[PDB]
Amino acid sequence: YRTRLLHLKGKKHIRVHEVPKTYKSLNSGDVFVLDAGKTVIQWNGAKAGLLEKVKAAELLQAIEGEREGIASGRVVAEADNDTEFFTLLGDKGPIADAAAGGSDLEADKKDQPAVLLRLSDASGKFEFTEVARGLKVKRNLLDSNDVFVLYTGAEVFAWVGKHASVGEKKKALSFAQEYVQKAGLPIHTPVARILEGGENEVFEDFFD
């Protein structure tokens, strides 16, 4: 499994990015989730905000629920200097302070990486179209008649509506993989194909 470091940040809402897997990505003002497959560790900065902790905790619960006991989750404080955390991280050193991470208020306003797209072959050809971005990605945009691709800031989901066409159902995953390339995201950005009606905890977690 490819271990990934996730960075959660904000004041009124929380956005998540994949950041380079090193202690240099950390900062004491935010919350990070180290996803090592069977081990998942939430790291709370000494100056982490309540909401950042809450949404990281929700991500852990969703990852746990979706991996069905294969993965265990654990929270550590920055002051704990958790040794398993830094071992899985692969390095250790001084942690940048909160100010070095930038303002949470600016992040709310400037950094909204979510993207929602629709894949539809209703016209007779495949059309792959951006529908909304940032905070305007709302669950009500999903339509059982088509396929939808959601980039959360940390993962790409290909959501297959129950009434998607035969072509939409077959090509859903490949359009979502192609999005990672054309959008210039990290090559190993996780991509998952999911069905309408599934638990889809991590996908559902994005909207609350």
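Start at 1 with the first residue shown and count on from there.
Averaged over C-alpha atoms, is the B-factor higher for 183-191 or for 6-14 in this PDB entry?
For C-alpha atoms only, the mean B-factor is higher in 183-191.
So which stretch wins on mean C-alpha B-factor, 66-74 or 149-157?
Higher mean C-alpha B-factor in the PDB entry: 66-74.
From 31, 36, 57, 176, can you pick the one with the highest C-alpha B factor in the entry?
Highest CA B-factor of the listed options: 36.
Ranking the modelled residues of this chain by C-alpha B-factor as given in the entry, is residue 118 in the lowest, middle or highest third?
Answer is lowest: the recorded C-alpha B-factor places it there.
Taking the chain's C-alpha temperature factors as the reference, tell me which third residue 99 falls into: lowest, middle or highest.
Residue 99: CA B-factor falls in the middle third of its chain.
Of the three thirds of its chain by CA temperature factor, lowest, middle or highest, which one includes residue 172?
Ranked within chain, residue 172 CA B lands in the middle tercile.
Sorting the chain's modelled residues by C-alpha B-factor, tell me whether residue 162 ends up in the lowest, middle or highest third.
For residue 162, whose C-alpha B-factor we compare with every modelled residue in the chain, the answer is the middle third.
Using the B-factor values recorded in the entry, state whether the Cα atom of residue 135 falls in the lowest, middle or highest third among the modelled residues of its chain.
Ranked within chain, residue 135 CA B lands in the middle tercile.
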